[PDB]
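A.B. asks: Order-wise, the sequence lines are chains A, B and D.
If you use PDB author numbering, the first sequence corresponds to residues 72 to 636, in order.
If you use PDB author numbering, the second sequence corresponds to residues 84 to 636, in order.
If you use PDB author numbering, the third sequence corresponds to residues 72 to 636, in order.
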Amino acid sequence: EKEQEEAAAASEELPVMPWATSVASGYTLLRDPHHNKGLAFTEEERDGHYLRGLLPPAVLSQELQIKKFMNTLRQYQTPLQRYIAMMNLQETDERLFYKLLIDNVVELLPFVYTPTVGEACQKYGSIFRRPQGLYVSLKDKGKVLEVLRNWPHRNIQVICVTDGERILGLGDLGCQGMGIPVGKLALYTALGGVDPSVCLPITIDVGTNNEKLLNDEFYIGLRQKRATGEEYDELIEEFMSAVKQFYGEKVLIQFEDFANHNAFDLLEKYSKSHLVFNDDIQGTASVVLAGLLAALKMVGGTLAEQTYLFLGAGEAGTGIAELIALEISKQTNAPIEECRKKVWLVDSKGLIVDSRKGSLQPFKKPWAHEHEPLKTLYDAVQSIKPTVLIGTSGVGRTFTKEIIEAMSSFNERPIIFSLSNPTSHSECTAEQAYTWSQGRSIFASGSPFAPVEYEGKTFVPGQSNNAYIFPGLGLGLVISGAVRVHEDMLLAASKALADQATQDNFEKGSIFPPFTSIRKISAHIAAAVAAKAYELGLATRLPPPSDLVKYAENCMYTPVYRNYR
Amino acid sequence: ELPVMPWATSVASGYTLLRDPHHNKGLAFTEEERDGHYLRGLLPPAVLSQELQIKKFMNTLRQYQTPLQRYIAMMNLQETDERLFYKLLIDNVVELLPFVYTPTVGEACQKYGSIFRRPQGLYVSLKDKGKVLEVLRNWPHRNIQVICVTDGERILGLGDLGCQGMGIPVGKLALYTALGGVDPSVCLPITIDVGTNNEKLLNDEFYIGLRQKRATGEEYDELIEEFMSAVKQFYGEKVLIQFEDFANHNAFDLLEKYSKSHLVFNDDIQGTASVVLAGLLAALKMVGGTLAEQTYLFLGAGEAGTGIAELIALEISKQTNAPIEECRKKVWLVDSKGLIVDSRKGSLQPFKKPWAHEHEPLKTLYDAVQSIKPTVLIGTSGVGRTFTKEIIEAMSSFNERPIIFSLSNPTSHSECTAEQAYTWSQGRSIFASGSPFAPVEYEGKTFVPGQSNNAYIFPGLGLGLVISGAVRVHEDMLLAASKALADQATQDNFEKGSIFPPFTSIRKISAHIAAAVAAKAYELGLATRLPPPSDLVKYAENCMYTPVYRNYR
Amino acid sequence: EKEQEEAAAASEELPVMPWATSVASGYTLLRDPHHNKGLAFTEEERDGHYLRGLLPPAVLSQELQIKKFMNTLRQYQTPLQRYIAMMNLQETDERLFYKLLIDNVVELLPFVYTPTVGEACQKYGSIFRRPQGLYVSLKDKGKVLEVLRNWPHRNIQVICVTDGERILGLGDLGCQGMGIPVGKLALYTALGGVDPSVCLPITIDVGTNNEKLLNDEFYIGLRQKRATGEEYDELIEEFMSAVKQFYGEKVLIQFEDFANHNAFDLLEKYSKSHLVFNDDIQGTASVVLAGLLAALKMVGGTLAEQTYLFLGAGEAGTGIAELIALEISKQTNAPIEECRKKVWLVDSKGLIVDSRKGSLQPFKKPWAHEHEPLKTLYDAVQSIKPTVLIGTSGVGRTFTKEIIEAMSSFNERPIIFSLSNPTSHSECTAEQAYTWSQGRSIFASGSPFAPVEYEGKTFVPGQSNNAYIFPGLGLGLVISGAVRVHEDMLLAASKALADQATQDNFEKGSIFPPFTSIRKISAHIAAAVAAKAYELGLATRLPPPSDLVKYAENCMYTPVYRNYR
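1. Mapping the DSSP letters down to three states, classify A:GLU76 as helix, strand or coil.
2. Rounded to whole angstroms, what is the Cα-Cα separation between D:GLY545 and D:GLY608?
3. Just reading off the beta strand (DSSP E) that B:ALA515 is part of, what are its end residues?
4. Roughly how many angstroms separate the alpha carbons of D:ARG117 and D:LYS170, rounded to a whole number?
5. Which runs of the beta strand (DSSP E) at least 3 residues long sit entirely within the segment 542-596 of chain A? Give them in chain order.
6. Looking at B:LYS603: is its Cβ nearer than 7 angstroms to the Cβ of B:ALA569?
7. What does a CB cutoff of less than 6 angstroms around A:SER512 pick up in its chain, not counting 5 residues either side in sequence?
8. In the segment 87-120 of chain B, which residues sit with their C-beta less than 7 angstroms from some C-beta in chain D, listed in chain order?
9. Identify whether A:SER419 lies in helix, strand or coil by the three-state DSSP scheme.
10. Leaving aside the five residues before and after D:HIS557 along the sequence, list all residues of the same chain whose C-beta is less than 6 angstroms from its C-beta, in chain order.
11. Taking 7 angstroms as the CB-CB cut-off, is B:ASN226 touching chain D?
12. Distance cutoff 7 angstroms, beta carbons only. Does D:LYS315 sit that close to anything in chain B?
13. Per DSSP, what kind of secondary structure is D:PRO272 in: helix, strand or coil?
14. When you compare the segment 466-478 of chain D with the segment 492-509 of chain D, are there three or more beta-carbon pairs, one atom per stretch, that lie closer than 8 angstroms?
15. Buried or exposed: which applies to D:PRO128, given that a residue is buried once 16 or more other Cβ atoms fall within 10 Å of its Cβ?
16. Take D:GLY97 and list the residues in its own chain whose beta-carbon comes closer than 8 angstroms to its own, dropping the five residues that flank it on each side.
17. Could you spell out the range, first to last residue, of the beta strand (DSSP E) harbouring A:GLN325?
18. Which whole-angstrom value is the C-beta distance of A:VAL277 and A:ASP234, which I expect to be below 8 angstroms?
19. In whole angstroms, what is the alpha-carbon distance linking residue 639 of chain B and B:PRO89?
20. Taking 7 angstroms as the threshold (C-beta atoms), are D:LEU256 and D:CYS270 in contact?
21. In chain order, what residues of the same chain lie with their CB nearer than 6 angstroms to the CB of B:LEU131, ignoring the 5 residues before and after it?
22. Give the straight-line distance between the Cα atoms of D:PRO252 and D:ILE155, rounded to the nearest whole angstrom.
23. Between which residues of its own chain and residue 45 of chain D is the CB-CB distance below 6 angstroms, once the five residues before and five after are set aside?
24. May I ask you to list the residues that DSSP assigns as paired with D:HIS440?
25. Let me make sure I understand the geometry here. Which of D:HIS440, D:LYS283 and D:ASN280 has the alpha-carbon closest to that of D:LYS413?
26. Put A:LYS528 into one of helix, strand or coil per three-state DSSP.
27. Anyone know if the C-beta pair for A:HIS105 and A:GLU165 falls short of 7 angstroms?
28. Which same chain residues, not among the five before or five after B:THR113, have their C-beta less than 7 angstroms away from its C-beta?
29. Rounded to a whole number of angstroms, what is the C-alpha to C-alpha distance between D:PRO542 and D:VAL265?
30. Given a threshold of 16 other Cβ atoms within 10 Å of its Cβ, counted over all protein chains shown, does D:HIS595 qualify as buried or as exposed?
31. Spell out a yes or no on whether the segment 359-367 of chain D and the segment 424-435 of chain D are touching, meaning 3 or more CB-CB pairs, one atom from each, closer than 8 angstroms.
32. Any beta carbon of chain A sitting closer than 7 angstroms to that of B:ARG427?
33. Look at the alpha carbon of A:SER208 and the alpha carbon of A:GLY245, and state the distance between them as a whole number of angstroms.
34. Could you give the residue range of the alpha helix (DSSP H) that holds B:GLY254?
35. So, using beta-carbon positions, are A:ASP350 and A:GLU327 closer together than 7 angstroms?
36. Consult DSSP for B:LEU244 and reduce its assignment to one of helix, strand or coil.
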């Protein structure tokens, strides 16, 4: 049952690569990112491994290395140039890359992650390219396993995969979506402590509809429009087959930036066979719920009493909403469609209403309450009189002065969540939200914003981005050996994050603690998601450790240089 | 009894192939090559040409704000895809040369320690003495033909950059490939670290060298003669050893002591002398006359100073049949103390006495320019803006077309700019300089000043010594080269005011210099590739590295 | 001219393999024959290269290694078992293999070379196979260069190639012919001093007519009868093209054991374009002529005055004959057909006579003198009354008591040369020749025979095998950079060998000095073949060295262990 090795003795016609292992020295060692210490190679290590001469005489510490890279990183003018310098270092000295990124996480995160990582994806083809991650194309059908075999690590625990269809709020970037999986997985290591070597960034190229990229001569993908239905599905179910055969069932498959229709069928179909998780639906839902709980500690109240208005009824829209209604059902013991009575979503066509359900998309019907057709978010804000406004539209500056002022007029402390990324697609800025609400809004957003000054006070807006959740939640599914993801684990995580939000960060108007604590946060989220995994009896690392927090911290990758023969 | 390294050879595929600069083609790997070498998946589906690769790198190179940032991006590419790096450098040589070579390469050396470093070249320290050969053994190419070596004492006109001198040898050797067609694999950039006197670098916490002041006499000498021993045992005698940026004192003893035992060449003394003489011959086609008739004034009596002068006097001796001591009558050098005159021989340096003619002490270059009344003003001072308006105006007043050569590098140490020389001479000067200057406009006419930099000479001269198997460097080969370059200078480049053809032709130039230096090697009977080929130019062109992508499936 | 690098800068769409170079240590080093020293790895070398533990504590010398292998070689009791143990060592420790073979050359030569190497070829498919040499099949056509590219040494100086059609006197062993090229090239190193790494054993598989091997389930070749004419030719000319492109023109191509018709067209059409040499035609001719000159020092006389009878008018038959007639023409200044008048060959159909030439094979017509048709060698021996009887028949025991007695009756010291191999196909034994001639014959043979006793005296029959010639002749063509073979170099060699034959070896009845001198012999043959190359102006290593013998000895591979760091 929990060691069903009947499926693992189909290892006869499994394609395999005959790997050889050899001691690394000279240029082989220096060109190996996993080991390469650059000038930090001690005198003794250089004599030992035929480096003497290939390096200058000077031996640097890792700390001096960080100071030196930081100095040259700050002299690049555009953010994209600092992204290029960061990806280059990741792929030359992996230990210096991670030790630097952790020690400088607040300064560097906007460059490796949102918002820079968005530009990187738009211009991926034209950017100086050391290869990272694995690309499975439509032309790898029949031979997806052959492609997996090429990856030179067998022990994969975390996969992060996109088909590039909805990269942040920028839409279809086809095969250039790879920036995201590579980003997420770097964070899995820096924020969560997952070892880099067990992380596998994948992109599924099925084409792109982006006309700019079809006609751009530097596009790295198939010059064809996306395959649909039949043709798409077979690649996916062969991919899902192949992952299973190669890596087993305990391998986490984190879906990133798929379209609505797809992102749901993948969570539906593969929930039973695989350990599947969707950062857009489940991960965002998780961090938002934690933000709400953290908000209601500053202002007071429960989730039950609040009224919720969403711009954008996609993945994150319905996904966040469903996790809120569920948390209410656990707190209230009500039937679920009494918990969503006070949750309203507005899409492209306006407020989701029952009168409109005679031609609605299926995953929206549960939010089609009874109300007059409303055309704009402004009309809904004024009619519904919500306590909480969450934006998942992918459209910038849709939280207008009229809308934040309207929200500041009936709420005394309105909860405004501007979730879309990158910064240019933020529904509002931190400056707009604090100004148009006379310093009275509880504000958080997807992309980072500098502190805002208003009537002699400083507001540090919190970052409501799933990067606070998935590093801890992933580590948890792994260190417990969870075989399935349960809605109850998303809640366990949300709890854990919210319970790290103290007065230190509330003082400054931030629903979350600073990223300078993300190692502590990830351990507590991991311990909780593991505890829930055991309770639900979906864990396979039996017996559970006594102290799930201290265990989670002991499983965590550290990028300090260890010494070689 | 020989220390020896057990090298093992293996077929490269997957990440081993991609991480190997020598072979890595990035997206230019064809579909067939990817299936063949376990790349399928590790690269995105799209296959680029090398040409699209060039266009792409060029586009992102121009978005960097500083020259130093484009130098870092160039050195990164050299060390990830060597064939793309060289095919790019060739196709874009005029645009890119100032970034990989003078003047950028100077800043790169000043800030070498603080710059993002993929390792290139070999460092032999004072702590490798006794074991220098052991260090050589670590280089993973056995067939070395061209070595380029500095001890960092005088990097361009920037002085002592100690161990951070490595930027220069790495630069020269890239040019040996790009300009000359030498294969990269046979080129070995070396730096000898013996310390540095630069107090800023001793106290800088990113300095990559020994934190000590330079070893002198005894201790220095031992390392060098052990280096020179070790190179010869490992690579043989036909290996070219190009010395770069040593001090006067040393750069001479190295050419003196190792002329017999080794094939030694000094870019500062011999290489610069060579390109200057070629510039003079090219100048005298625009303006008219012979070397004999001209009068020469130098600022700076160092390596390049006396070196250029001696090669000029020699070319005069071969054209007039006069004794050498008679061909120096027309050639005057001005140092720190003023005009070199015989009157002060009661405490003179020895290698200056041959230029100590008959005259009573003059104090400043301005005094000398006015008294000596020269035809040709050459600056090898290492000091910027020492060719003043008064000096260029003085020179423009008595000559109708005065020859001004501003040789010092980088641009910041140029004795004058191209703009100053053409303005202060009313458009009448024949100007060339060490570091590149953009075209200069003067009443609706465009002046393209030539680049009198040894990069026009050493790529051809090196290729020549190699393809002929020359075992020694002969003063007559410097002349053979000078002639060959000068005889490439047509009216197309003279029209625009340039003594040299554009770098867009450096492949033609290097082949003709190689054929000449080889021909002279055979004639003097120092060549060992016998018999000489019938057509030494077509042979030289066929021996030339091409960086077009080599085919794997 | 000479340096035509025009064809070397037309290597742009040449297939190439991307080789990577890396420092060898641990199991990579031990499994590498070129470097592997086994227990002879010094303490310092083991610490240095991560061997400590993988070897027992004991450090052996190379000498102790030799004593140890020799001891275990003598417990194998078939010769074939000692051939297998020898090939295994060649392919695990190359330096121990060569240092052993040289120091023990007389004892070991019959096991790695004739006659053992013959059995090895007959049973090649069924023998335990460590892989050796390169096989180019009919199904590698279009892609022969691709096959060459796979060999992991670029700098090839000596190729040795067979199509397996006439392996020794055993006939067609198809693809199992490889034993020969591998044998020859080991000797090129042990006897001649050529570095192993510049030597490339090749077999061209075009099928086989051996019905035994077509139906044998362990045959390693194509299960088809030999391709003829058009199909054969294209593979060869593509092979000869491909060798040229990859290795250049200075590469020696030694043909081994082809049939007459082929062996000749290959020397004819590729004499201009390539440096081609045929061990059967030219190499055997060379050592035989040296034997004759050595014989005429024991007994007295000139080549001119002798009368020659050959059994077997093939490659070696006509080839030996033509080299004899040529040496006569250079000594007498006579027209060539006056030099052939006293040379008679007997084939399958009997004595070659002009009355039979109305349907003769082409390369036999020059030996078709005027005489009455004779059916058997015995009839010819008795009619022609020859002074020299040479057997190249491939048929054992055809030099009968009647024939040796007949020869002993009209000559006082008859020269009998039993050239065929292996021992089982020898035209007579050393025992038979000395007994049936009352101790009066000058005898030599292709395969080794122990000393023979007769009337209280010891006869040490010499070995007239091309292994005395091709090691020196090859080294010569290489160290001079010869671009052509000229008949005059075969003679230069023959002279050089003959002039090494002293009274020390003549005392015991041997035309050649023992193989314990083959280092000295090869250097003197090399210096002579080089001198002739320069004289004929076909050498490209100009100027010639002062002392061609001491230069040849300094170019010679030594298998003493190198010390590693």
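Just so it is clear, CB atoms sit at the ideal spot from N, CA and C, and this is done for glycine as well.
C.D. replies: On the basis of the data shown:
1. Three-state result, A:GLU76: coil.
2. Whole-angstrom Cα-Cα distance: 17 angstroms.
3. Counting along the chain, the beta strand (DSSP E) containing B:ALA515 begins and ends at 513-516.
4. Each residue's alpha carbon lies about 22 angstroms from the other.
5. Runs of the beta strand (DSSP E) inside the segment 542-596 of chain A: none found.
6. Taking 7 angstroms as the Cβ cut-off, B:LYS603 and B:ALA569 do not qualify as a contacting pair.
7. Excluding sequence neighbours, A:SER512 sits near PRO485, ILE487 and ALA504.
8. Identification of residues in the segment 87-120 of chain B having a C-beta nearer than 7 angstroms to some C-beta of chain D yields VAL87, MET88, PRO89, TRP90, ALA91, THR92, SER93, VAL94, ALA95, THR99, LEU100, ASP103 and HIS106, given in sequence order.
9. Correct three-state label for A:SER419: coil.
10. Cβ within range, chain order: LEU607.
11. Interface flag for B:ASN226 against chain D is unset, since no Cβ pair is found closer than 7 angstroms.
12. Not an interface residue.
13. Strand.
14. Contact check between the segment 466-478 of chain D and the segment 492-509 of chain D: three or more CB pairs, one atom from each, fall below 8 angstroms, which counts as touching.
15. Result: exposed.
16. Contacts found: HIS120, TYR121, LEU122 and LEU125.
17. From DSSP, the beta strand (DSSP E) with A:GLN325 extends over 323-326.
18. With a Cβ gap of about 6 angstroms, A:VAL277 and A:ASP234 count as contacting.
19. Nothing can be reported for residue 639 of chain B: it is not among the residues displayed for chain B, which extend from 84 to 636.
20. Taking the C-beta atoms as reference points, D:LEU256 is found nearer than 7 angstroms to D:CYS270.
21. Shown here for B:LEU131: same chain residues with a beta carbon closer than 6 angstroms to its own, the five before and five after excluded, namely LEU110 and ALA111 in chain order.
22. The straight-line gap from Cα to Cα measures roughly 16 angstroms.
23. The first residue shown for chain D is 72 and the last is 636, placing residue 45 of chain D beyond what the model contains.
24. Looking at the DSSP assignment, D:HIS440 forms a beta bridge with D:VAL424.
25. Here the closest residue by C-alpha is D:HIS440.
26. The answer is strand: DSSP assigns A:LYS528 an E or B state.
27. Remark: C-beta atoms of A:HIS105 and A:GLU165 approach each other more closely than 7 angstroms.
28. So the list reads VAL130 and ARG636, once near-sequence residues are dropped.
29. Each residue's Cα considered, the two are about 8 angstroms apart.
30. Label assigned to D:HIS595: buried.
31. No, the segment 359-367 of chain D does not touch the segment 424-435 of chain D.
32. The beta carbon of B:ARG427 sits no closer than 7 angstroms to any beta carbon of chain A.
33. In this structure, the alpha-carbon of A:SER208 lies about 11 angstroms from that of A:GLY245.
34. Annotation for B:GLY254: the continuous alpha helix (DSSP H) segment containing it runs 250-261.
35. It is a contact, given that the beta carbons lie within the stated cut-off.
36. Taken through DSSP and simplified to helix, strand or coil, B:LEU244 comes out as coil.
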